[PDB]
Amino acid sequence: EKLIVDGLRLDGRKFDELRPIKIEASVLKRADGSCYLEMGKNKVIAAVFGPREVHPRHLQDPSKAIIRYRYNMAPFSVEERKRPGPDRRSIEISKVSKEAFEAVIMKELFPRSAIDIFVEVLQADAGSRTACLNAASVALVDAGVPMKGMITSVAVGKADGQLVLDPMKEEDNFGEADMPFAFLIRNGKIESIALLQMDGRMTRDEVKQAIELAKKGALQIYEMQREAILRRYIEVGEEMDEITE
């Protein structure tokens, strides 16, 4: 069992190649913002409920909106029916995810408010965490909530000694390292790191090179995000012209 054979991975992609991605904004009616997202075999759905009033008074920040993010896996999203409800892994993912948007969302504009982000994975593969972030980010723009810029996420793995972009299920489970990333994008450029985590065994040199592969990947994903929002812009445009039509 070898992961890389002749420069190709078990699914045919090269080391620096993303799995096929599909992004659609405004797919939910009862949500301020939303987006459906497919990353490889990951089928993820994101929902955002625009600045609304936070109900439990003690969670009300007098000076800024509070961000809540819930990553959750559908019982049927994995190989073995998963018991519904939060687990240690989900709470964790929800926390770093919450934190990735806490630096990008302009919360000072909505005091005593709440911007709740819900992300559900209908089908999971490696990277679901990454897929939800890209979905959540699109969902947030669809909801028109102010942000310093976009948040694009991709993970980098290590297989048979080589760093690979957007690892798949066999690569995460049998590889040597998994490293999920997320950056803030401004002016079409990678500005800073919004999310960073890694498990495995990498050399200092491979960590720095990994940052480089993820950036190349994230920019590619960012383009796809911009496109999904572009279409949404074209649909609401031809909608305003519809009522007038």
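Residue numbers run from 1 along the displayed sequence.
- When the mean C-alpha temperature factors of 30 to 38 and 56 to 64 are read from the deposited coordinates, 56 to 64 comes out higher.
- Here 81 to 89 and 144 to 152 are compared by their mean Cα B-factor, and 81 to 89 comes out higher.
- Out of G200, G188, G217, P180, it is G188 whose C-alpha atom has the highest B-factor in the PDB entry.
- Sort the chain's modelled residues by C-alpha temperature factor and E24 lands in the middle third, per the entry.
- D16: CA B factor in the lowest third of modelled residues in this chain (values from the PDB entry).
- Sort the chain's modelled residues by C-alpha temperature factor and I221 lands in the lowest third, per the entry.
- When the CA B factors of the chain's modelled residues are split into thirds, the value for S94 lands in the lowest one.
- Compared with the other modelled residues of the chain, the Cα B-factor recorded for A131 ranks in the lowest third.
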